[PDB]
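Heavy atoms only: backbone and side chains are in, while hydrogens, waters and symmetry mates are out. One-based numbering along the sequence shown.
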Amino acid sequence: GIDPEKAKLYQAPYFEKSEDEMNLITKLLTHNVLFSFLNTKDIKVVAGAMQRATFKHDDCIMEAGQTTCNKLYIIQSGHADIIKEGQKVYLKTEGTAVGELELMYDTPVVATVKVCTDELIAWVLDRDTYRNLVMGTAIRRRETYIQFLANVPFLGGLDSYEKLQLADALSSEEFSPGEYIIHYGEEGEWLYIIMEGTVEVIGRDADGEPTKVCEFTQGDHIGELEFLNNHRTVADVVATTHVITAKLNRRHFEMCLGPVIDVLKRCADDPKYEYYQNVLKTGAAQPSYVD
Ligand SMILES: N#Cc1cn([C@@H]2O[C@H](CO)[C@@H](O)[C@H]2O)c2nc[nH]c(=O)c12
Ligand SMILES: N#Cc1cn([C@@H]2O[C@H](CO)[C@@H](O)[C@H]2O)c2nc[nH]c(=O)c12
């Protein structure tokens, strides 16, 4: 990819944006996994470089085999089918991207992208800005996680593409024994998948004192309950050994884990979550919403 010392000398194009346009576009970017590790300044540079395009039902945004696209489209509204060898294989919806496979891996269009709503509105980024300012360590990050994610039970229903979309939004964090991964009573912004080690979940008894609920270990996840039910954290999660986690921000939860939300909701039937069911029944938490 692009030499990082040279990427610093790249100036993206700027197409003047109103404040309202900037707000709209940056919200799309901050919830799309391709931009997960860009800072605010760089998000806004990328937004400034984008241009709007619209399409109608049955238009092809790109067609398998084309070498003349080389653009990244982030969907504001509308849906499109991904068509391989005449078969619909995936549905792209609002906030998602098309064209990233070709830009990341430098190949002609792999699949046809065909609009299936009445209209579709997208924001479009050029290849050079994507390669110089966005792509970064995307391939290395995917290498860091894909083999692990292929072995995680709750992700078994995701295909390779979807597992890699999750990987795009992950970073790693390690904890020594006794360090708190999650504290009770906080906004609850982070979901952790345990790559190694064991944790304990600590609730509160009727007198308000800490009480151990259960343990989790490699392959398990913590932090999803607040994301599902929009409340502040209701337990501490503490490392009981050295722990290595993969970490996902709440802003990427819908895009990355949307397809497994019904799997995550199965915790209601798991005896390890009896304590939480009582939290919900008695209303023992206050709200917290995604930013
Ligand atoms: N092969 C393939 C796929 C291509 N795409 C998309 O189509 C655009 C044009 O190929 C890509 O830049 C993606 O955005 C896929 N999306 C979900 N699952 C898939 O398997 C594929
Ligand atoms: N109340 C409660 C519980 C909380 N958690 C976890 O702690 C994180 C922070 O609350 C959650 O996002 C879960 O990951 C629980 N895990 C198992 N059983 C439980 O009853 C609870």
Side-chain angles (χ1 to χ4, degrees), residues 31 33 145 148-159 162-163 165-175 177 179-206 208-241 243-291:
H31 292 80
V33 304
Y145 301 107
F148 168 70
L149 300 175
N151 284 280
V152 171
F154 88 100
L155 301 174
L158 297 186
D159 61 26
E162 291 171 317
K163 292 188 184 96
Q165 174 170 78
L166 172 60
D168 283 328
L170 294 175
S171 64
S172 296
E173 187 170 8
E174 305 198 15
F175 300 89
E179 291 190 322
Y180 281 51
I181 300 170
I182 295 170
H183 279 271
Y184 179 101
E186 56 190 11
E187 198 80 58
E189 148 142 39
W190 297 108
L191 183 153
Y192 299 87
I193 308 174
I194 303 172
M195 299 180 75
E196 184 188 310
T198 301
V199 305
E200 60 186 3
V201 179
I202 302 172
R204 300 293 183 269
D205 71 16
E209 293 305 315
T211 183
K212 182 162 179 159
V213 174
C214 70
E215 292 188 348
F216 290 117
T217 191
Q218 180 175 326
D220 291 325
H221 50 84
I222 59 264
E224 74 284 351
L225 299 183
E226 292 70 36
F227 294 8
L228 291 170
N229 292 321
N230 291 315
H231 57 73
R232 296 181 77 90
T233 59
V234 289
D236 305 298
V237 181
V238 183
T240 66
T241 63
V243 167
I244 302 176
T245 67
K247 181 176 184 179
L248 178 70
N249 193 267
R250 192 174 181 181
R251 65 200 170 102
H252 298 125
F253 177 70
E254 185 64 37
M255 177 160 161
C256 292
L257 294 182
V260 297
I261 283 172
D262 289 318
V263 174
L264 296 173
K265 288 178 178 284
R266 293 172 185 178
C267 63
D269 304 313
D270 182 333
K272 296 169 85 161
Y273 297 78
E274 181 176 359
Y275 174 88
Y276 182 59
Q277 301 320 298
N278 182 249
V279 169
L280 295 178
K281 187 171 112 180
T282 62
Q286 76 185 111
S288 170
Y289 298 94
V290 67
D291 290 340

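- Checking side-chain atoms of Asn278 against main-chain N and O of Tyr275 turns up no donor-acceptor pair under 3.5 Å.
- Side-chain contact between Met255 and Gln165: present, with at least one pair of heavy atoms (C-beta onward) separated by less than 4.5 Å.
- Taking 4.5 Å as the limit, some side-chain heavy atom of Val234 sits within range of a side-chain heavy atom of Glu226.
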Worksheet item: Please walk me through it: do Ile202 and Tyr184 pass side-chain contact (heavy atoms from CB on, under 4.5 Å)?
Response: CA-CA 8 Å; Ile202 302 172; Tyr184 179 101; over 6 Å; no
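- Nearest heavy-atom pair, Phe253 versus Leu191, reported as atom, atom and distance to 0.1 Å: CE1-CD1, 4.0 Å.
- In this structure, the separation between SG on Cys214 and CG on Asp220 is 8.5 Å, given to the nearest 0.5 Å.
- Counting only heavy atoms from C-beta outward, the side chains of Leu257 and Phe227 never approach each other to under 4.5 Å.
- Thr241 contributes atom OG1, which lies 10.5 Å from atom CD of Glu200 (distance to the nearest 0.5 angstrom).
- Rounding to the nearest 0.5 angstrom, the gap separating the OH atom in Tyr192 from the CZ atom in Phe175 is 5.0 Å.
- One distance of note links CD of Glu186 with OH of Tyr180; it measures 11.5 Å at 0.5 Å rounding.
- Within 6.0 Å of CD in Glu274 there are 12 or fewer heavy atoms belonging to other residues, nucleotides or ligands.
- A donor-acceptor contact shorter than 3.5 Å links the side chain of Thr233 to the backbone of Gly185.
- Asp236 has no carboxylate O lying under 4.0 Å from a charged side-chain N of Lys212, or vice versa, which leaves the two without a salt bridge.
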Discussion item. Determine whether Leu155 and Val263 satisfy the following criterion, side-chain contact (heavy atoms from CB on, under 4.5 Å), listing intermediate values before the conclusion.
Written reply: CA-CA 9 Å; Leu155 301 174; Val263 174; over 6 Å; no
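- In this structure, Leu166 and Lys163 have side chains that are not in contact, with every pair of non-hydrogen atoms separated by 4.5 Å or more.
- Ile182 approaches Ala235 most closely through the heavy-atom pair CG2-O, 3.6 Å.
- Counting heavy atoms from C-beta outward, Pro210 and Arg204 have side chains that approach closer than 4.5 Å.
- The CD atom of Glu189 lies 11.0 Å from the CZ atom of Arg232; values are rounded to the nearest 0.5 Å.
- Contact check for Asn230 versus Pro287: no side-chain heavy atoms found under the 4.5 Å cut-off.
- Applying the 6.0 Å contact sphere to CG of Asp291 captures no more than 12 heavy atoms from other residues, nucleotides or ligands.
- In terms of heavy atoms, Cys256 sits closest to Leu248 at SG-CD1, 4.0 Å.
- Atoms CD1 and CD1, from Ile244 and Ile193 in turn, are 14.0 Å apart once rounded to the nearest 0.5 Å.
- Checking side-chain atoms of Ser172 against main-chain N and O of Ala246 turns up no donor-acceptor pair under 3.5 Å.
- Smallest separation of non-hydrogen atoms from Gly219 and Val152: O-CG1, 3.6 Å.
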Item to complete: Carefully, step by step, assess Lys265 and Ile261 under the rule side-chain contact (heavy atoms from CB on, under 4.5 Å).
Response: CA-CA 6 Å; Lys265 288 178 178 284; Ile261 283 172; 3.5 Å; yes
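- Put simply, the side chain of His231 does not reach to within 4.5 Å of the side chain of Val279, judged on heavy atoms.
- With 3.5 Å as the limit, one finds a donor-acceptor pair spanning the side chains of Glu187 and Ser288.
- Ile181 places none of its side-chain heavy atoms less than 4.5 Å from the side chain of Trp190.
- In this structure, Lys272 contributes its side chain and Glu215 its backbone to a donor-acceptor pair below 3.5 Å.
- Side-chain atoms of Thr240 come within 3.5 Å of backbone N or O of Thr198 as a donor-acceptor pair.
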